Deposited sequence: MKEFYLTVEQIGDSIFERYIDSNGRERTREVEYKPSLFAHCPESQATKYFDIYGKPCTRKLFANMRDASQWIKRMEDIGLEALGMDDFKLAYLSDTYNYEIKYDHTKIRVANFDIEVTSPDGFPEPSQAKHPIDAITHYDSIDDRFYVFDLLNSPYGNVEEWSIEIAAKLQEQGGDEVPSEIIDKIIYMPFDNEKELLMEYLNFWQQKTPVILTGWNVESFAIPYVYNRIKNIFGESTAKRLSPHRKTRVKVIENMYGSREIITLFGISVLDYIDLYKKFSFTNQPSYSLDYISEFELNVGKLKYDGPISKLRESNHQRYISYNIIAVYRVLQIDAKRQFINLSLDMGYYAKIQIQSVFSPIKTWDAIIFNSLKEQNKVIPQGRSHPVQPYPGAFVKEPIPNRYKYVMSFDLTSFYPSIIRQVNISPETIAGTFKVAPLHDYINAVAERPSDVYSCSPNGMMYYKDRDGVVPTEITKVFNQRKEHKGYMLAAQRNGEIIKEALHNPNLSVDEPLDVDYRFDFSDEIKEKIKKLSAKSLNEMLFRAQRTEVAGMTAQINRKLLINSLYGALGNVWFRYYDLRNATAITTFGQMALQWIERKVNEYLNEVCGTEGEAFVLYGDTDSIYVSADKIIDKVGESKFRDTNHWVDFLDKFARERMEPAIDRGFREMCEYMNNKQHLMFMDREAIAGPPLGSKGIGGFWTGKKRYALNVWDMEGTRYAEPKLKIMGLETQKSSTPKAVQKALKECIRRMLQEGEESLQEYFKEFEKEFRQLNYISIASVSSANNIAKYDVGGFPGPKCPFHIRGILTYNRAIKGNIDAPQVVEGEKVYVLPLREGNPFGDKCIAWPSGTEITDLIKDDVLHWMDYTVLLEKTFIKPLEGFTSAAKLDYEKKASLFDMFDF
């Protein structure tokens, strides 16, 4: 097979590389790499090297990497540009792997681990590592085995061996319910001393050295704890065995040279597109996998002592949970894909700037072109997208339209790149271009309304490389949408399931079901169908991960143009994109309004009610009215009608409008592709209002079709409202959403019934479910003798109240700076001495003060502040009442 790297590092004048060879074997080599950099040279000098602007350069070979970096400094002292890739390991990878890397993931050692540390005096600080490590579970992807290291003898208690027989038993049998599919994969090792455990773990590590190292919070806890514990016990030289090159670099984070650490919490935060109230593994596992919380009696600091059996079982389970989350989300696969595509260290996938620098560098190197030197720039603001101010109101029938990959398509259309800049023109006010009254900027170059002109013959490296990734994105989105469409087919077949014993069909959910498959589905059992729906949704999530993160990468290339740390930073190019974007949106709003007035036979009516960046929301009341609501059989009938109308009439008109804009700006290629997104409206013959807007970025719609996916049941599309915010209490989100569902689908009366019921019963809701959530930043900034300082935020005040309440209890959970907290208001005269209290999110509040918090919660404040105020906002906007008003009719019986 073709060779591929695993890890690369620079240590002095040496490049240390771990790699898989042509026979599939892992090897390590130290290479005294000789890098090249470039300097501008006279035009009369024969060379094959040119910078991106076409100026000739000469290549300077250096005896070692130190001589190259010293030359860079000297060139700085002279005042001349030192060109070329200054990150020598990226240069090394590019030289060593001068082809498209095809890798075999089964050859890559991915290690998932988690440690346990009993601490009687609070959270065990990794920098101190003063407590024994009493458990390590380490899963190896190559062995497919869970290696379990169990400390039997500790100063905090001597325990019996963990029993795999009991671990496998059901909870109802007094077992631990360790999943049956990993029982035979567990390799259990008890130890009588901590030193012997750690020594063996190091020997194990040497034999099975991770390439990718992951787990939950491994970078901030597990890795530094293990490193510091081993260092404190055996000495630094022994601790350095954690690095395959014996080099490490040190609240601290340890860099293990020759290992690529991908902490799963960081992968999840970057790639999941969620914002969670808590990031405990417990919480995320429940959210992602729908598994129950790992229950136990007493505190964690005594779990090993009281129930060591469960203690070890939960350690193993914790490792497995991350594997299960990755099997669903596939962020490891994404990191490997992106990393090898860019030819970077795998951990550099967290940095889109490093990623794009490497992609562009490799692309330019292929043509013997030389990259410019990074330069220092001051941070400056620059304008972004346009957002229309909507008239707050209900909106019955709505169709939306969105542009495909907007900013990257602008880049490709206008041909925006550092080296395709051609000149400038004199700008007219933006609305002059929008209304097509300003003179055509250029009949030679491709232009943006910010004043920039670009060559339209030349291939730009930014357009070229963004197109390649965009093409990957488009493929994966197709798989995602098909899996989604396949999902609805299965959901509708769950309305008439057969009573028989069969099996789920063997199909590729990435492609639309054939008629044969669909026929078989209608005769399938409920058990088989539910299993198919599961596999369909899993296939959809896999596609979603792949497509939405390639979308993120290409949008981050736009973003990088506005980042001073980017080698190709240029506010001329960044603004060219956003300004063109503002023009395109407002241009097509006009075209859409014009076309719809023409087909509806009216004049001057506003059809576009809202728009943000690249989307428009079209009021379709008059389209429905022209055909008359009476002529429709059911809801699905008018949905098909609007689907057809948008597809056969509106979209061709939109394409005509954009083609004209492309000619207006003399652009290189028409790539403004705006298709229908959502069809929204109330159920036919209902009192539902269909949708409403309260303001910019705040609306709700009752959607029947989304991007070609015809829902089995109508799905609420809610943006910006409190239902969508992690800060809103769980039970309030749920209640507010039901309020919205009733408004959009059923009407005012239905809303009023539900509200009355909620108000009556809400005090019985669990305290966690009605707690607000907030991030805890700068606690110390507002701490004045344990009391709130000037301008102390509400949630920070709650934390200070908590701290005073648990003062003198070394066992009580501490609020961690930067993490999230649950927040509850307190009734007047409470023993806590303040109007609110906060505690670490994702946890029960400590038993020390739990009963008193429950007693003093302010349900009245909770209701009117988190529930009623947002509800008042929704309903006044939609022009209705959540509560029956007083009338002259009240004087009757």
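Asker: Without any C-alpha position in the structure, which residue ranges of the deposited sequence would you list, numbering from 1?
Answerer: In sequence order, the gaps with no modelled C-alpha are 251-259, 903.
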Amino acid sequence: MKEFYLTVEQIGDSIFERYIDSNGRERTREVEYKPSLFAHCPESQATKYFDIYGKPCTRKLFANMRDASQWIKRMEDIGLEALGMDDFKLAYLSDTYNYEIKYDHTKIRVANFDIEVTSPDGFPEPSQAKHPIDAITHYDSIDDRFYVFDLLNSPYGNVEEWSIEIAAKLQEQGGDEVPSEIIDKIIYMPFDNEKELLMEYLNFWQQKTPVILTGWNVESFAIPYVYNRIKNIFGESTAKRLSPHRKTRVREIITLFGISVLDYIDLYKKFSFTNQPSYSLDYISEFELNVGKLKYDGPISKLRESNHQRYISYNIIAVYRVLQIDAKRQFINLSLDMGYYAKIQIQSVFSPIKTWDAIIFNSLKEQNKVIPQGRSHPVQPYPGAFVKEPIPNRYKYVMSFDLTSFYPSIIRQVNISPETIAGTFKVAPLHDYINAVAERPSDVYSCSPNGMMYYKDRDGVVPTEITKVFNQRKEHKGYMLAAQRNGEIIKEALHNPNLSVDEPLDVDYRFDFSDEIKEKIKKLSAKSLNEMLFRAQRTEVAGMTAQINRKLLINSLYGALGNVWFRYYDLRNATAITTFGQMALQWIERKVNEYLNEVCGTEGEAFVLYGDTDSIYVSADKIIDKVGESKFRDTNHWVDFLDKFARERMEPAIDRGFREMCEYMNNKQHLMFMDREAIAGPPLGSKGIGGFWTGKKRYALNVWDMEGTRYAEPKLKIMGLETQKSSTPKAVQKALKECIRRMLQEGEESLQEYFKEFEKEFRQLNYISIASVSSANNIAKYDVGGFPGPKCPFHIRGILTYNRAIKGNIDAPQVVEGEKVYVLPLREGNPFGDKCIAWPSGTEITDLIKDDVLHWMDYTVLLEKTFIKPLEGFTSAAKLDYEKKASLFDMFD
From here on, numbers count along this sequence of modelled residues.
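Asker: For the higher mean C-alpha B factor in the entry, choose 519-527 or 450-458.
Answerer: 519-527 has the higher mean C-alpha B-factor.
Asker: For the C-alpha atoms alone, is the average B factor greater in 156-164 or in 806-814, going by the entry?
Answerer: The recorded data point to 806-814.
Asker: Among 713, 219, 570, 144, which carries the highest Cα B-factor?
Answerer: Largest recorded C-alpha B-factor: 713.
Asker: Comparing recorded Cα B-factors across 730, 477, 637, 321, which one is largest?
Answerer: By C-alpha B-factor in the record, 637 ranks first.
Asker: How does the C-alpha B factor of residue 28 compare with the rest of the chain: lowest, middle or highest third?
Answerer: Its C-alpha B-factor belongs to the middle third of this chain's values.
Asker: Among the chain's modelled residues, which third holds the C-alpha B-factor of residue 38?
Answerer: Middle third.
Asker: Taking the entry's C-alpha B-factors for this chain, is residue 739 in the lowest, middle or highest third?
Answerer: For residue 739, whose C-alpha B-factor we compare with every modelled residue in the chain, the answer is the middle third.
Asker: In terms of the chain's CA B-factor thirds, is residue 841 lowest, middle or highest?
Answerer: Residue 841: CA B-factor falls in the lowest third of its chain.
Asker: Should residue 273 be placed in the lowest, middle or highest third of its chain by the C-alpha B factor in the entry?
Answerer: Lowest third, going by the recorded CA B-factors of the chain.
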